[PDB]
Amino acid sequence: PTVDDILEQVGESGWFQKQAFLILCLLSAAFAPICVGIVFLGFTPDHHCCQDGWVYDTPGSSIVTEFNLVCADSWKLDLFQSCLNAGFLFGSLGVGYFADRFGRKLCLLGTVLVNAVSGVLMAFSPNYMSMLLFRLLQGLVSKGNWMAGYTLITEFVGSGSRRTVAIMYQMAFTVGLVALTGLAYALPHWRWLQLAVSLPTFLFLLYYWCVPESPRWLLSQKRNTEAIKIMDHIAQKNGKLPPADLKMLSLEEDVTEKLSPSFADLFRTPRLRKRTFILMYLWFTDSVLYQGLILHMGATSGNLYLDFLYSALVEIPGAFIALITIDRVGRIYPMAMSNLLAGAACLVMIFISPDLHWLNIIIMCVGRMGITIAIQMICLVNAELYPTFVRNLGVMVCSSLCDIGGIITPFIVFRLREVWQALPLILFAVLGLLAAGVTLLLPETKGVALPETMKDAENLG
Ligand SMILES: CN(C)C(=N)NC(=N)N
């Protein structure tokens, strides 16, 4: 009588779960401005390049118009993204035990309050060093918020709807990007845009007090009283009678009362070590090949609004395709096919002359669908292939190996565009195709109802 059976008897997609998913959807739209937002507000309109300073003629005011970073400190924007991505690295190494042991829901609430305060302080920051440190904190806190929220969603949802609710969460992320574009068009000033982004965070915390904790992680602490309380509250919420308390409670005496995120037992079991290595390779791929592809995309009209509108309308067809095909053939074959398609798209620009009609749109479309389907696979698979005391140690393969991609892709492309114009495409295609062909074949399996039964990490092998 695992908690999934209790949720099934109480209704996995009841009204209470609907409002909880709405609340964390409101959280999801608050994560896009942290990562995607920069291309809008940190965008130089024009540069005059004695010099005698530089003046940009545009009604909007970006970060570089107000800090004068056009020529003397042009690399500061790269330094700014490097500092944000090092914030992601600091989060990946930091919010583990510090994100679980103090109370998972309470940690999420404290961090979302911290994010609100730090964003408001970014709105009123009349310097640069404080701005950089605050962006470090913003990156760390926002990554922690989004991963904790997503894993909480895949914890509440019972077996049979994890794919649906997670893919709807990613659709909410894409809708957050679309709303970012809309609010960007609403007013070009970065200050008011940041202040308007910070208000969904208030709307989150204001109503986030009533959301309960994760029942399974709470059961992992051998505290089943309030766990049974919250399960019966959920059951009575969506018009259902409570189940048997003894069946609902699972003692699981072999489980440690506290958590010990393994820094050395990850490689103890060969299945877990192999899964972690495969996910490391796959994650590196993903942002690697990605910002790579984005960079290789042509100049979109407008370059600040229609660029985002065209980039965001890619995901939603991909999200719907994933929703349709993720269960009929499992969560391995569709994403493997998408990655092979992305590799073939990367390899086709080299041997085919660009003068052919519609070649640019064909390659951009195929690559992008491939590395949207890859991302909406890998997030769900990393969430599924880790128990509750390993999922927060499972964020590191998500974020401590995508951070290296985000840091290093500008340098790799900067060297590649000089050494050989045909070099970066061959490198990206070779690494992506070889990795996604050898790997992503058997990273355990899919369709497993119990991810944190103390035997999920070993029985699948
Ligand atoms: C948010 N960033 C930078 C991504 N990795 N996007 C993506 N799904 N390739």
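Heads up, residue numbers simply count up from 1 along the chain you see.
Every residue gets a Cβ built from N, Cα and C, even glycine.
The membrane topology recorded in Swiss-Prot places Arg328 on the side opposite to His357. Within the chain, the motif 'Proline-rich sequence' (212-216) has long-range Cβ neighbours (under 8 A, six or more residues past its boundaries) at 3, 103-105, 152, 155-156, 227, 230-231, 233-234, 388, 452.
Shown for the topological domain 'Extracellular' (127-135): DSSP residue counts in helix, strand and coil, namely 7 helix, 0 strand, 2 coil. Using a cut-off of 8 Å between Cβ atoms, the transmembrane segment (332-352) and the transmembrane segment (422-442) share at least three residue pairs, counting only pairs 6 or more apart in sequence. Counting residues per DSSP class in helix, strand and coil order gives 0 helix, 0 strand, 8 coil for the topological domain 'Extracellular' (298-305). Spatially close to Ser262 (phosphoserine) yet at least six residues away along the chain are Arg268, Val390, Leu393, judged by Cβ distances under 8 angstroms.
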